[PDB]
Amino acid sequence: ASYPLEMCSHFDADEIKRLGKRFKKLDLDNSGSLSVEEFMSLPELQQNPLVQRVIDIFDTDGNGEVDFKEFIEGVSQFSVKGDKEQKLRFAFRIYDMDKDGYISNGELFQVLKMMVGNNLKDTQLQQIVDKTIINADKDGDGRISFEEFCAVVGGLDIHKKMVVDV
């Protein structure tokens, strides 16, 4: 046998078993991790501009792929049993590209750039990014902490809209 996996998630044994079946069908080269190209081989993901961001967050050890533990812990963020702060912290991490716990002007710009494309000139995008940061930055370091981020979007209830059944 191998050693046990340690992990933290909202899932019971059966749910873990079910996600295990999905994981193995996805692992094309049956190697135990999940590469970016394995993720992209699902057609309905090739035109999703947040795919790489999501993988990046899932990939906690930073090694470029998603092993079984990170896959469980990542999907757990979206369990119906998960809380507001959890779903929010995840969305905060969509913006926090370098993972240092602050969203900086450049990161916010880049990640928006991924979604907006050419629907705004870079000048217009920069101006709204600037203003958003200024309005939300309560300690004057020029960036947005998790607490500042939440203060802005806590009331938006988008946490209610990011949930999946397993």
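Just count from 1 along the sequence shown to find any residue number. C-alpha atoms forming the largest set that superposes within 1.5 Å between two forms make up the rigid core.
With 62-70 and 118-126 as candidates, the stretch whose CA atoms show the greater average offset from this form in 9 other deposited structures of this protein after a core fit is 118-126. Stretches compared: 114-122, 61-69. Higher mean C-alpha B-factor in the entry: 114-122. Judged by mean Cα B factor in the deposited record, 153-161 ranks above the other of 153-161 and 9-17.
Ranking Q127, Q46, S104, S35 by the C-alpha B-factor listed in the PDB entry places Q46 at the top.
Within the group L50, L108, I134, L42, the record's highest C-alpha temperature factor is found at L42. Among the modelled residues of its chain, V54 has a C-alpha B-factor that falls in the lowest third, as given in the PDB entry. In this PDB entry, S76 carries a Cα temperature factor that places it within the lowest third of its chain's modelled residues.
Among the modelled residues of its chain, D100 has a C-alpha B-factor that falls in the lowest third according to the deposited record.
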